[PDB]
Amino acid sequence: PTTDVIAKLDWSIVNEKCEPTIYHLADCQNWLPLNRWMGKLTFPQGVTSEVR
Amino acid sequence: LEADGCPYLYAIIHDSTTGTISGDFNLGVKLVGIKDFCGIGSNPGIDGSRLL
Amino acid sequence: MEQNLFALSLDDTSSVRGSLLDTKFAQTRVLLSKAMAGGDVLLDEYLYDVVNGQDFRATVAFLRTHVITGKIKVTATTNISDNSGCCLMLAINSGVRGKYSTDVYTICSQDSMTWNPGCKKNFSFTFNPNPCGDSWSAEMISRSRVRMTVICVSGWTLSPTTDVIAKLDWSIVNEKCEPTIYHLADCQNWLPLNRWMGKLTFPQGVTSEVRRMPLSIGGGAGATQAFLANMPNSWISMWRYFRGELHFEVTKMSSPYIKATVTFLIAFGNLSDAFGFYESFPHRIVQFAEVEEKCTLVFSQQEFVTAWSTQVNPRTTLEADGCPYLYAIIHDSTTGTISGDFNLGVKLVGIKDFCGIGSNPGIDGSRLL
Amino acid sequence: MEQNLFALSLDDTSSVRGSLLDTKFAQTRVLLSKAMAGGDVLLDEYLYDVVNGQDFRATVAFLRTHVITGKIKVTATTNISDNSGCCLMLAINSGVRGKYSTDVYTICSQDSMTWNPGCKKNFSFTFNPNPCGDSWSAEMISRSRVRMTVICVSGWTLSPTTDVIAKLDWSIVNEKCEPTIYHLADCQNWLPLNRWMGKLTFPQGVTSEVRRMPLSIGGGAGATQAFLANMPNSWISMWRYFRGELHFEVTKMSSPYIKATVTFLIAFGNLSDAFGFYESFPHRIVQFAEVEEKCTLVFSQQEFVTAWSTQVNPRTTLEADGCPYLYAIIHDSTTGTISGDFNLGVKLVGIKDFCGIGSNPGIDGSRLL
């Protein structure tokens, strides 16, 4: 698009109940923390009969 | 694969992809927290960081 | 081991409540194009012929279970982006005659629906091949050779991206199939038939429009000195003039980038579009949206509580035009900010007590609509 | 139409309660012959390999629904006429090793059943491939390559009509699959393993028989100076001698036209078949029928409440033979009115509190049974 809109990065803090993240060695567990990055999928126009 | 163990998310479209222009689609992926995760055993080692 | 399980849990009948996917068994890309001739069929297959061999959730029952009794339902995931909307209709009627016809005033009208190639996400249409009642065995349309479709009328005047042919998904649903019929004793509450009559090719700029049109009803419709009887039109007559609150269903098969506002009602089709202040008859109207689009109608007897003719003769007139109908007038200054042209739908599902009587010994002259 | 039906009645999981036929999806003729080499395999296929593409009541789920959790049940309609009975067993165990084995002391023992090629109408055997518990996805035996079967041991000594290969029907059932295991802490109520050890080729006339045999148990079994570890035999040892009320399952895989009555119990395998009055040890026995045939056993601690060896060494003896077992004696004057020869089964599903302890540092010498 239009140009190179570099917006504004605003912070400082909030009065939130910060959650102390950790991951239980004793493996089998409720909930899970880690996050895991793995999105996106470059899809063509037309209707190439996909299923990537 | 022609000896591929286990099931996972390996997607399939459905609809006839579009743009009315010059485009190409996409699709994200991520892991914040599970529903009780069973981890056990270990892996003495390899790597071979799967092209993802 | 041993067991007279010859009954047990084996005699497989099941009218099936598979989840609409434990029911799903179809796989055919609904065609979609640009370089296109107005009415654009994106196919017309069959019921059983359709295919033989389709690996899905409800499987053996297609020709196994025996009978079920819900509506053969569909939802085809489509879309595109944002620029312009459009019209489409799926064909479903009865058997066939010979080298027949292929249109929206044809293929559909038995039981039908109306959709736009870019509206939010998808359209619905729950097909129950038997009108006579409900329940069903494999044959009834097979050995009664009906074929179905999918196609515009209007279209997204803005021709886009590529040729997105989406997916045509059905099987059934546990719905209370309604056994359609039409009471000979003419004057009646409600009305079944459907009547195809939408769209209106509208220019950009603001040509001072009001593209009139009647509301005559009868038989079916033309083609180059050729016509077309259908189910919304002929038993839906016999009697002479017709008398009741029926109402149409307009839609924005046009633009969220091109708009217009066009009244809808009953004035007098003997007044040519250039009236002094045309917005002069008991109103109802357009004011389209990127979102909004499908619209209906409602025009009764506080209104016309007096007869007009479900019929005509190729030599019927205006400067001697009997009766009031929906012959529309814009309002707003038509647009596009591009290279476009507007439109507007029309349809008749069910009236408010319709007075039919008398008969018409005959003519035809299938009014150019 | 539009709907986030992306959940609706679409996410198809269903552990399926199809009627055992709305569950049925198999079609393979169970082989059956005459000019035959004793143990006669009427096949050994696979689970998933089995076939790919089988049009039946439960259909897409074979590889769709995800998981279920009942027992993959079967019933194969067979029979013939009246003259003679016979033995058969279906193979179902675990994965594979290399160019393996094909018998009734082999292929079956993981989970098994026992049937006759002409008994009234049919046999039952509800296969749940996972012993570990229950529930199941498509793989677990696929990518864990197990193969199954069907075959005699005994046979209808009277070879009949043709080669009637019947039908092998399965899919599943809503049964409470029992997760099989065997407690290391040896002395225990009940017993799992199964132990293959039936049949007894009996001549016509009345050769003054008593074809003894032990009850030693351990590992598996021979073949020409070659042997065979199995699941009814080795974890089912470790300890030395074994101590408990186990009991077998005999059957009339022989004749409703040839009979015999043979005791079953625990005396002393150091007494050769010619005893003065052999019917001299705490009895239990045969007296076969056209109808009757399958039989079991029961031999405890009011009885032997003292140790014998789940093991042996190729050089163990009789004229120095320790312990009591089932080494049988007829009774009645054997028959056929034709050209026949009798038989008698043997098996170990579950004991009455079994005392295992000690260990056997090793030998083998897989007792010719």
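Residues numbered from 1 in each chain as written, not as in the entry; some residues may be left out. Chains lettered and ligands numbered in written order. Part of a larger assembly, values for the part shown. Heavy atoms only, no water.

Enquirer: Can you walk me through the overall build of chain A in this structure?
Expert: Looking only at helices and strands, chain A features zero helices and two strands. Computed over C-alpha atoms, the radius of gyration of chain A comes to 21 Å, more than 25% over the 10 Å expected from 2.2 N^0.38 for 52 residues, which places it beyond the range of a compact globule. Projected onto the principal axes, the alpha-carbon positions of chain A cover approximately 50 × 40 × 15 Å. Burial analysis of chain A (52 residues in total) assigns 19% to the buried set. Carbon and sulfur atoms form 61% of the exposed surface of chain A, whose accessible area is close to 5100 Å². Side-chain charges of chain A comprise 5 positive and 6 negative groups, with the mean position of each set lying 5 Å from the other. (Helix = DSSP H or I, 4+ residues; strand = E, 2+ residues; numbered from the N terminus. Rg over C-alpha atoms; globule rule 2.2 N^0.38 Å. Buried < 20%, exposed > 50% of the residue type's maximum accessible area, 1.4 Å probe, protein only. Areas by Shrake-Rupley, 256 points an atom, 1.4 Å probe, with all protein chains shown as cover. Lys, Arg positive; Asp, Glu negative; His and termini not counted. Charge placed at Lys NZ, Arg CZ, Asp CG, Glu CD.)

Enquirer: Honestly, the overall build of chain C in this entry has me stumped. Any pointers?
Expert: Secondary structure assignment for chain C yields zero helices and six strands. Compactness check: chain C gives a C-alpha radius of gyration of 23 Å against a globular reference of 21 Å for 369 residues, within 12% of the reference. By its C-alpha atoms, chain C is 90 × 50 × 35 Å across when sized along the principal axes. By residue count, 51% of the 369 residues in chain C fall in the buried class. For chain C, the proportion of contacts with a sequence separation of at least 24, taken over those separated by at least 6, is 86%. Approximately 17900 Å² of chain C is accessible, and the part contributed by carbon and sulfur atoms is 57%. For chain C, the centre of its 31 positive side-chain charges and the centre of its 34 negative side-chain charges are spaced 2 Å apart. (Contact = heavy atoms within 4.5 Å.)

Enquirer: Please explain the packing of aromatic side chains as it appears in this structure.
Expert: Aromatic ring pairs are described here by two measures, namely the spacing of the ring centres and the angle between the planes. Evaluated as defined, the whole model comprises 31 aromatic pairs over all chains. Through a chain of ring-to-ring contacts, three or more aromatic side chains come together here, namely C:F275, C:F277, C:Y278, C:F281, C:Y325 and C:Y327. (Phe/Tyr/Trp six-rings, centres within 6.5 Å; stacked < 30°, edge-to-face > 60°.)

Enquirer: Quick question: what am I supposed to make of the environment of D:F304 here?
Expert: Residue and element names in this part refer to chain D. Structurally, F304 can be placed in the loop between β3 (242-243) and β4 (341-342). Residue class for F304 comes out buried when judged on its relative accessible area of 8%. The sequence separation of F304 and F242 amounts to 62 residues, and the corresponding C-alpha distance is 11 Å. Excluding its chain neighbours within four sequence positions, the residues that come into contact with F304 are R243, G244, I266, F299 and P324.

Enquirer: Just checking my understanding: could you explain unusual backbone geometry for this structure?
Expert: Comment: phi is negative for the bulk of residues other than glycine, and the bulk of peptide bonds are trans. The backbone of C:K199 shows a phi angle near 35 degrees, a positive value even though the residue is not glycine. Structurally, the position occupied by C:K199 is in the loop between β1 (194-196) and β2 (202-203). With a phi close to 95 degrees, D:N194 is a non-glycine residue in the positive phi region. Within the secondary structure layout, D:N194 lies in strand β1 (residues 194-196). Residue classification places D:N194 among the buried residues on the basis of a relative accessible area of 13%.

Enquirer: Teacher, can you tell me more about the environment of D:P256 here?
Expert: All names here are of chain D. Position of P256 among the secondary structure elements: in the loop between β3 and β4. On the basis of relative accessible area, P256 is assigned to the buried category, the value being 14%. Between the C-alpha atom of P256 and that of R315, which follows or precedes it by 59 residues, the distance is 40 Å. Residues in contact with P256, not counting those within four places in the same chain, are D82, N83, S84, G85, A289 and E290.

Enquirer: Would you take a moment to explain the interface of chain D and chain C for this structure?
Expert: As a measure of interface size, the accessible area lost when the parts come together is often cited. With 32 residues of chain D at the interface, the matching set in chain C holds 32 residues. In total, about 2500 Å² of surface goes out of reach between chain D and chain C, with carbon and sulfur atoms giving 54% of it. If you sort the residues of chain D by the area they bury against chain C, D:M1, D:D12 and D:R57 come out on top, with a joint share of 29%. The interface formed by chain D and chain C includes six salt bridges. For D:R64, the salt bridge goes to C:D55, with nearest N and O atoms at 2.2 Å. (Buried area = accessible area lost by both parts, 1.4 Å probe. Salt bridge = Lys/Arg side-chain N within 4 Å of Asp/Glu carboxyl O.)

Enquirer: Please clarify how the relation of the copies chain D and chain C should be interpreted in this entry.
Expert: Two chain copies, one operation linking them: a rotation about an axis together with a shift along it. You can overlay chain D on chain C at an RMSD of 0.0 Å; the transform is a turn of 180 degrees with a shift of 0.0 Å along its axis. The relationship between the two copies is best expressed as a two-fold rotation axis. If distances are taken from each C-alpha of chain D to the rotation axis, the shortest is found for D:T59, at 2.8 Å. Both copies contact each other with a shared surface, as 100% of the interface residues of chain D are interface residues in chain C too. (Least-squares fit on C-alpha atoms.)

Enquirer: How should I be thinking about the side chain of D:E245 in this particular structure?
Expert: Residues and elements named next belong to chain D. You can see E245 is positioned in the loop between β3 and β4. Among buried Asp, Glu, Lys and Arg side chains, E245 stands out as unpaired, with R284 the closest opposite charge at 6.1 Å. Separated by 3.5 Å, the side chain of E245 and the backbone nitrogen of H247 make a polar contact. In this structure the side chain of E245 is engaged in a polar contact, spanning 3.5 Å, whose partner is the backbone nitrogen of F299. Each residue touching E245, except ones within four places of it in the same chain, is listed here: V298, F299, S300, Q301, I351 and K352. (Polar contact = N/O pair within 3.5 Å; in protein donor to acceptor, adjacent residues only side chain to side chain.)

Enquirer: How do you make sense of the interface of chain B and chain A when you look at a structure like this?
Expert: On the side of chain A, 25 residues touch chain B, which itself brings 29 residues to the contact. Note on chain B versus chain A: buried area summed over both sides is about 2400 Å², and carbon and sulfur give 61% of it. It is B:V29, B:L31 and B:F37 in chain B that bury the most area against chain A; as a group they hold 23% of the surface buried on that side. Linking chain B with chain A are zero salt bridges, by the criterion used here. Applying the counting criterion to the chain B and chain A interface returns 19 residue pairs in polar contact. Counting only elements with at least two residues in the side of chain B that touches chain A, the list comes to β1 (24-25) and β2 (30-31) of chain B. Of the residues in the side of chain B that touches chain A, the class split is 14 nonpolar, eleven polar and four charged. (Nonpolar A, V, L, I, M, F, W, Y, C, P; charged D, E, K, R; others polar.)

Enquirer: Whenever I open this one, the pattern of salt bridges confuses me. Can you help?
Expert: Working definition: two side chains of opposite charge can pair if their charged atoms are close together. All names here are of chain C. If you walk through the whole model with that rule in mind, you get 18 salt bridges over all chains. When the shortest N-O distance is used, the salt bridge between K294 and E249 registers 3.4 Å. Of this pair, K294 sits in the loop between β3 (242-243) and β4 (341-342) while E249 sits in the loop between β3 and β4, and the two are 45 residues apart along the sequence. Overall, the relative accessible area of 32% leaves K294 in the partly exposed class. Taking the relative accessible area as the measure of exposure, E249 reaches 23% and is therefore partly exposed.

Enquirer: Sorry if this is basic, but what is going on with the state of the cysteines here?
Expert: Such a bond, covalent and formed between the sulfur atoms of two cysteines, is termed a disulfide. All told, the structure shown has zero disulfides over all chains when counted by the stated rule. No disulfide involves C:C108; its nearest neighbouring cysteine sulfur is the one of C:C87, lying 9.5 Å away. (Disulfide = S-S within 2.5 Å.)

Enquirer: Mind showing me how you'd approach the environment of C:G53 here?
Expert: With respect to the element layout, C:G53 can be found in the segment before β1. Taking C-alpha positions, C:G53 is 9.8 Å from C:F25, a pair spaced 28 residues apart along the chain.

Enquirer: Please clarify how the side chain of D:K252 should be interpreted in this entry.
Expert: Residue and element names in this part refer to chain D. On the secondary structure map, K252 appears in the loop between β3 and β4. Under the relative-accessibility criterion, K252 is labelled buried at 1%. For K252, the contacting residues outside a window of four places in its chain are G85, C86, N116, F288, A289, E290, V291, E292, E293 and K294.

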